[PDB]
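S.K.: need a 3D model of the sequence below.
(8 chains, ligands or ions: 5)
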Amino acid sequence: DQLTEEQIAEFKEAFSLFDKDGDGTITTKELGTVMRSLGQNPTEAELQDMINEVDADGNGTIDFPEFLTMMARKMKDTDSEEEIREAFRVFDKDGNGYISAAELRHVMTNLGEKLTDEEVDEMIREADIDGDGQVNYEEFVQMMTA
Amino acid sequence: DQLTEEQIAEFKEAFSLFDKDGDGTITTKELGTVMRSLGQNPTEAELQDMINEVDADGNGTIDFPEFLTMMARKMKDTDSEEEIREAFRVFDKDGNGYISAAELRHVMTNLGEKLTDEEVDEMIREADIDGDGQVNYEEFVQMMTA
Amino acid sequence: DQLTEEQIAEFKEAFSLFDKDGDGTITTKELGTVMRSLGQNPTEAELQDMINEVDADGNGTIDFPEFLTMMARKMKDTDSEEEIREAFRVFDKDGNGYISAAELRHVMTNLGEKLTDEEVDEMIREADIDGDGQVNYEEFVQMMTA
Amino acid sequence: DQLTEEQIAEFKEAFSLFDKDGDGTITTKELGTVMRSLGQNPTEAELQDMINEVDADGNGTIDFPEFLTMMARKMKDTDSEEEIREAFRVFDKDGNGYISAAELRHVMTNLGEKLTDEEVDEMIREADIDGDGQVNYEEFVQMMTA
Amino acid sequence: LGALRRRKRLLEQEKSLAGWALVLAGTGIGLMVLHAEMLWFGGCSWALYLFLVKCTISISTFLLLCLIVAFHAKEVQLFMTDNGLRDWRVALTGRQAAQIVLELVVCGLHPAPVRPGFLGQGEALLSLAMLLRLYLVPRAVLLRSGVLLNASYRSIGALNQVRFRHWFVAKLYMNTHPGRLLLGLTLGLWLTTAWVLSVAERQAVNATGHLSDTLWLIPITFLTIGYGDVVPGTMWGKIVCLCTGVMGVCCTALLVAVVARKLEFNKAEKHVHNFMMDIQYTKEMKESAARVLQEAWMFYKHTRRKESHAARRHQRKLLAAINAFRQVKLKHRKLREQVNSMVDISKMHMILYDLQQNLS
Amino acid sequence: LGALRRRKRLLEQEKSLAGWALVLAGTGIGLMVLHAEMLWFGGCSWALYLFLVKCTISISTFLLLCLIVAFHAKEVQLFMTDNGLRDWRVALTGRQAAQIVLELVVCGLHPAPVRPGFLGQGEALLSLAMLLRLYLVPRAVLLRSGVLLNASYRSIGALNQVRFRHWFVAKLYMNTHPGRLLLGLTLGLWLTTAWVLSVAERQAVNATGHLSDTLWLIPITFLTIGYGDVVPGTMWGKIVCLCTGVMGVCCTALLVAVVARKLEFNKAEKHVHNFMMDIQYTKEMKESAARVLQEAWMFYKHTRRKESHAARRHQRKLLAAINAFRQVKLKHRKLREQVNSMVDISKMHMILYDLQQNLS
Amino acid sequence: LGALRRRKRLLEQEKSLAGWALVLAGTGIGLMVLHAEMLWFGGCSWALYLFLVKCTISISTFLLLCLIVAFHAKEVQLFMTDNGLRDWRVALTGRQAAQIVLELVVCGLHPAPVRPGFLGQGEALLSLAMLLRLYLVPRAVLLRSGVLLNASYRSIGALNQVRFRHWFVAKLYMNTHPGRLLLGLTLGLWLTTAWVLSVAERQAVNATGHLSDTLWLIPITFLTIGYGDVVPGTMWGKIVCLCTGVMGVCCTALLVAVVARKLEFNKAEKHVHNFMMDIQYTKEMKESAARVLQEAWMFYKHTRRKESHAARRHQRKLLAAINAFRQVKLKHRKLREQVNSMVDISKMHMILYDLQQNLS
Amino acid sequence: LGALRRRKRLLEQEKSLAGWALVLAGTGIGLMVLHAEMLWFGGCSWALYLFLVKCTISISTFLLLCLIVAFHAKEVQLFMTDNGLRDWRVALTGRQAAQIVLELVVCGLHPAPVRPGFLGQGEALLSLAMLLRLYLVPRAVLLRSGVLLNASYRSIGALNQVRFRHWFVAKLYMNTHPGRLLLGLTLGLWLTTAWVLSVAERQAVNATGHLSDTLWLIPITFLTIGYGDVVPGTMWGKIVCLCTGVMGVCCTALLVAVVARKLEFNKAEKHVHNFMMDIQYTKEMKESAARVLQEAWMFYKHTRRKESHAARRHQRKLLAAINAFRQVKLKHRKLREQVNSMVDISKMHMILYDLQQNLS
Ligand SMILES: [Ca+2]
Ligand SMILES: [Ca+2]
Ligand SMILES: [Ca+2]
Ligand SMILES: [Ca+2]
Ligand SMILES: [K+]
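M.R.: Numbering: from 1, shown residues only, chains lettered A, B, ... in the order given. Ligands and ions are numbered 1, 2, ... in the order given. Next comes the structure:
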């Protein structure tokens, strides 16, 4: 956090524009208000998704470090961290992220591509510390990203 | 009523087009339906008007002689009978056709035109059999048309 | 039903596209859902007409042989079987398919075309096994198509 | 009030156009009616605002001298009286016209412009007869306009 | 009620008179064409054929005058019987008198016989002026449609404000024939305009008065390139060429609305096209995701084993696959947003139907 | 309340001079037209009237100068009395002073008496610069129109933030009847540009003067056909040809939406035409159904009794009837879909009326 | 259920025949554009080469005739099998018979071996007429596409009640990428039109029969300029250049819609632009208000102190600040009022959502 | 969090290098033009000025080499730091290698010293190729604007995702003020095209290749008029004039958006004008009714006694005032229908507000 004073002032200006209330912090109701002001139809479910995906430490609403880090994100044009989400997002036929690893591997390792015969399944099973399988993105991410 | 048989058949075809029901006679409700099918927003007051001028003898709905006579009307491009209707319409400030004849004559015999001094009022008063004045178009039409 | 395996797979792909549910069979509610997704305003009466005209053996919803046969239909650009259907609907003034055969023949055998004098009526009466007349398309179809 | 008779007649014509009722005076309901006829969505709050600046002496609705004076206004293309109105509205962050004079002066005497050091504050404090400060436009207007 | 029968008879007589007017105008223009070109093709020593043609055209104009007078008399009779009065003189007024006088003087002019193929370009002006009869055609064609006779059409026009007397047939013809008559008129005007242009250049052995040489500049005048090899600079030639140019450039601006309508896309097939675009994009996205995961696993394989140039190339391939996935996702998002947008009419119909069905 | 009366007096005084501006425009034109025609169409020996013409036009320029000074004084007085100030100096500023100087120098440049009928080089450039006074018409017509005079118009416009200062008169003039004004503006400028084209091409019978062969080149360039029979070789001639061509091609734009607007098609005739097509289409469907059923019945006798080529011909006729039936059905379906759609305004009005009438 | 298999086999055979037709048309066009060039290049003493070329052309025409007969026979076969079929001679559609006879006679004419070059102008008319074979590509291209084979395609399209006989492939191709093939066609037609004009402009010694010279006077058209460095004096040249001019005028209306479509402006960009405008305008309003208030305070401070010429400039500064404030206010109102009511679809969607959420 | 600072520094360096790139391109074109002008005007080989100029332009190209090398290297550095990686050539700009090599060889080619006016095209081709440096304008202008630098804008644009890579600055510039730059560009490219046409056409006087004569013809081609006074006989001249003609005719499709939606007529003036016409038509109808009633009374007065020519004239005047009354009525009806039926947005907003206020 070695931001220069001019950049601190610029980000403070941005935060002031975002925070219409200024008690320091706009609340979810006026998050939805400004979102619909931009011209999007708001839903309470998606607003809850927004707030509980941006908030941390259970403080609620918005926080200055939280805003600073989420603005540290969404600036890189491309990456291999926040764009590999699809690798577990798209193959969830059930959609809750609890579909069997063996079944998804078998059904998705044949779309014009073939890799091995159950060796990939064995490797996936051994990758998990507890051998959970199913949809366990922690071990897969630990193996892939680093 | 010396209509030729071919013209009788043509007008019967027109009557068949107008009468969707064919009990011989469409009713005010489906008068409104067909009128709104022509693309005019219907009001019950104007439908009751339409029907109460078109109908005669208290028979209701529509009648073949009534249909024939109103289609005998609305065919001449212009005339001096069905276009002079406004002479008692445009000068009814109250709008009920009961405004004083002397007052309307005084207020409307000065719009860039001058005719006489109370001679017209005396003539109008003498024209009415009972000297009703006000808005009595019976005597005016009698002295106008013939 | 000697369809080749590749065409079987293609029609299975089509069936998978049609059956969003995949219990093997979408139900009338989501028939209407997909139909309105195609951009048509649905009515329960027309949905019931669709489902009962497509269904057979009282199984309900959709069936694979039923789907195969109705896709066997609707592929021919022209024919004399499913296009002569109007011959018993265009002349039903009452609209329920129970208008008198003699009356419809008399009223429709004069629109710029003349055939005979009651010979057609006698032939139509004799065509029916029970002499039902009225609107009996079974005998007429058996006589005309084959 | 040295208006000539022709101008009196012209303004009487304008008043007749404005007053549809003619009891001499349209009421706030039909003020809103004609305003929405002009094509503007009316609100009761803004209608009450309009009527309670235009009205005087508690007579209500509209008055001929009031109409004449408000049409005497809004005929000057530009001036220094009815355009300096913003000097006490643009700096009211609270918006009720009761924000502290010292605070507003301090916050608004730095937008790329600088005048002095508390000399302006002392002058503003001394300008008020009672030293009210805050938002006291009477003394400021008396000092500025004349 | 006899007014209806009287009006019907009047309209029938007017139709017959209009037909006779059109056919006699055709005979007159044919006689004028026959008289023309005779000096430049043939010989003037016959001394009888041209006289016979002139006398025949004189009788043709006389009969045309008579029928025009009859037609105007019948139309003023129709006006009188519509406005029921009992005075012959009251029917006429300034406007109709001016119109009939103008029509008479238009018909009044006539190339009459006086008593090497060089007519002097001054004695044929009256014969050339006979083209003015073109305005007599619309009056016949409008009434010859027969749409006015149908009482049902007037009945439907009633209970509504239409007052169809003119431009109504034009609107109906434009609706039923967007360009069918337009193309024919544009293609047929060229012969007439070339024929009328080949008068001012009629100079003996000038290689410009002939019809074949004449019919070269008008097509390019209607066009825009107009390099102008002929450059005709005779009397009134500048006016004629300017008129041809202005009418051509006015007529250039067309065909755009009809070609756009033909190339337009109906919503009915638009719906199914969008549906299949959705399914194809889903298939493409699934294929891209499979490619991404397949390439990703090999990176962990080479991480477990020794890394090398193959591992670096596979990292490059992984980046390329990620970029392709992003492109596919962005395109699918664009198409989905587009299809979700618009759809105003269907959506408001559905929402109003739902509101009506909600009831209490 | 004397401010309103003083403003009315000021506007009356402004009207008293706006008309005289265009009144003196006529003698401004006469400054150049008569001198230019006389110097070339006659001998130079007519030196007894040149001095009188020069003195008269000098007096005219002096009168125009006084008129402009008076107008500017009255308008700055109006500005002062509107702002309600007292100091004479505060009213003036840089912008209006610069405008005053620009007007003075525009009207200041006038030809002056210096003391074979050939105009030496550009000795008439000062008279040519007088033609710049063409931008006087829009201000004069704006201030002369009575729309600004009425109090009710400003009264209504005040409550809607309309700012009656400029371009409102232009918008209304375009709205009331666009065709006549634009056509007149396009037609009038041809004479002026033809007149100004011959500024140095007169020479001495060089086949480029006498105001002839110059009224022809400009319309050819405007039509964009570009015959190119003769091209002005002078640099001034070249640039004036280029600018007249670019302005002609600029004016060529638009002038085509007028026919589309005139060929409009309102709701009432739309609905009556749809009713007409509906009845025609059901009649055609009934006729086709009768035809196909009669053909089918005719097929039965040859079905029962075989023959040669009779069954074949009957089958051919049956197929033709089926094809015609399909065509009629498809066309009717298209028309029904079209009439069902594009009813958004009427449908929403009807549904909102139904919702209002539902109440509870 | 064997009808489906029979139709699939028929479609496959039709695809094979169409492919062979296209490739043999390519062979024919390859055998073209050499016979004409051989006479004009070098000499013609090698009669064996021209004899072999004519023999090969005859064989190619015979094979094209055979394949066309086979294709149309299979089309008749599929049409016959579609309906209730009994005999080969049953259907034999008369219009189809006329079409096939017309196709035969179009293919019937062909260059033939008869037994100082450039072939003059009389002979080889049939050889030059082989360009008419271009009509085959539109028939082959749509059937070449595999969209017809997809069962899901017609399955979904059936419920929409739209026919897929023709022009829908063209609509889909236009929708996929407008202008893509349009630009290629426009750039490729120039070579063919220059080549066909070369024969019309062919001359023994004049500098008009060369391909390079012929390649220039067509591009001068379609540019609406027409410099006219050369003029085609041949009547065939006249008609062909008129055709090129009219087609160029017709095609000049291109790219105009798609450039605007590419330069469009989506709702997201407009929303962020309005946000930028809001923030910038409130900032500017605050700055202007501060400026005007500071100027007013400056004037008030210098009222009673040093009352002299110095205080005069402050009044003009105050008026300038007031005018700037008025302009800023007017612009802000102008844009805010427009953007408030700009949203219609989103506004009504929100309104209906609120109405639905209200419930009871 | 230092990635933000690193990216900001990289963007600043990229902007600085883009500015220096534009400066060096300007220096290069300035050095190139002067040699071409000097070799043909003034002293041909009066001194070593030509050698000095060639050396200077060589040094300028040498600096440009390293300048674009640094620019692309910093772009690759930005791409490297965007993706967390620890390898120099892991990205290496695989596909972009072709682009960077192509741009390098575009910059690499340059006029070079070899060691009367006899200019040769071979030696001047490299100098003529320097016009390709114009490609740097978008790259410099994209970084010139400071919108990309602001963090709050990217903050607000993250939601409702819109990528900002390209065409966004063009859209903003077009929407801010469309009329600012297109006219300047059109006026500026004329000088460049005239200069490039003058180059490589100055054989030996011959009234060709000089700037003055060649500058005139290009605007003629752009205006799409043509005169054919002089044409470029060179093949390079032919292709360059064809290119100028095609770009000019492409540019003619313009000013349509300048006139439309700019000569528009918005809600406020529409409403006030409708009120204006409403009251005016009310007054006109009242006047017409008074006139017709007075004429009727006059007819009564001269009907009671002395029926004569005066009575006939009064009847004529009555029939005159009748249908004039009807014309006024019809016009008022048309206007009232148009005003009542065209209100869509305001009417739906009012009806939805009424529905919301109804509640239960
Ligand atoms: Ca806050
Ligand atoms: Ca009935
Ligand atoms: Ca299922
Ligand atoms: Ca009142
Ligand atoms: K054009």
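S.K.: where's the residue of chain A found nearest ligand 4, which helix or strand?
M.R.: Chain A approaches ligand 4 most closely through residue A:37 (43.5 Å), counting by Cβ to the ion. For the C-beta atoms, the positions are set from N, CA and C on the backbone; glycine is no exception. Element membership for residue A:37, per DSSP states H and E: helix A:28-38.
S.K.: what's the answer for residue E:271, then?
M.R.: Following DSSP H and E, one finds residue E:271 within helix E:267-304.
S.K.: what's that helix packed up against?
M.R.: helix A:86-89, helix A:101-108, helix A:137-144, helix E:309-340, helix G:151-158, helix G:168-176 (3 or more Cβ pairs under 8 Å, 6 or more residues apart in numbering or on different chains; DSSP states H and E).
S.K.: excluding its backbone neighbours, what's nearest residue A:61?
M.R.: residue A:25 (4.7 Å; Cβ to Cβ, 6 or more residues apart in numbering or on different chains).
S.K.: burial of the closest residue in space to residue E:163 that isn't next to it in sequence, as a residue count?
M.R.: Distances taken as Cβ to Cβ, 6+ apart put residue H:330 closest to residue E:163, at 7.3 Å, once the chain neighbours are dropped. Residue H:330 has 13 neighbours, counted by other Cβ atoms under 10 Å in any protein chain shown.
S.K.: distance of residue H:330 relative to residue E:168?
M.R.: Applying Cβ to Cβ, to the nearest Å, the value for residue H:330 to residue E:168 is 15 Å.
S.K.: repeat that for residue E:242.
M.R.: Residue E:242 sits 34 Å away from residue E:168, taking Cβ to Cβ as the criterion.
S.K.: and the spatially most central residue of chain E, what helix or strand is that in?
M.R.: What sits nearest the mean C-alpha location of chain E, by Cα atoms, centre = their mean, is residue E:182, with 3.4 Å. In this structure, residue E:182 sits in helix E:180-197 according to DSSP H and E.
S.K.: which helices and strands does that helix pack with?
M.R.: Using 3+ Cβ pairs under 8 Å, 6+ apart: helix E:180-197 touches helix E:211-214, helix E:217-222, helix E:237-252.
S.K.: what are the buried residues along it?
M.R.: Using 16 or more other Cβ atoms under 10 Å in any protein chain shown as the test for burial, helix E:180-197 gives E:182, E:193, E:194, E:195, E:197.
S.K.: got the angle for it vs helix E:237-252?
M.R.: 170 degrees (axes from the mean of the first three to the mean of the last three Cα atoms, to 10 degrees).
S.K.: helix E:180-197 vs helix E:168-176, what angle?
M.R.: 110 degrees.
S.K.: how many residues are close by the residue in chain E positioned nearest to ligand 2?
M.R.: For chain E and ligand 2, the shortest gap (Cβ to the ion) falls at residue E:155, measuring 16.2 Å. Residues lying near residue E:155 (other Cβ under 10 Å) number 19.
S.K.: now it. Nearest residue, chain neighbours left out?
M.R.: Nearest to residue E:155 is residue B:14, by Cβ to Cβ, 6+ apart, at 5.6 Å.
S.K.: how about residue A:16?
M.R.: Sequence neighbours aside, residue A:22 is the residue nearest to residue A:16 in space, at 7.4 Å (criterion: Cβ to Cβ, 6+ apart).
S.K.: how about that neighbour, phi and psi?
M.R.: In terms of degrees, to the nearest 10, the main-chain angles of residue A:22 are phi 90, psi 0.
S.K.: pretty sure it contacts residue A:30?
M.R.: No: in this structure residue A:22 lies outside contact range of residue A:30 using Cβ atoms under 8 Å: 11.3 Å.
S.K.: for the residue of chain E closest to ligand 2, give me its contacts.
M.R.: B:14, B:17, B:18, B:71 (Cβ atoms under 8 Å, 6 or more residues apart in numbering or on different chains).
S.K.: in helices only, show me the residues you listed.
M.R.: B:14, B:17, B:18, B:71 (DSSP state H).
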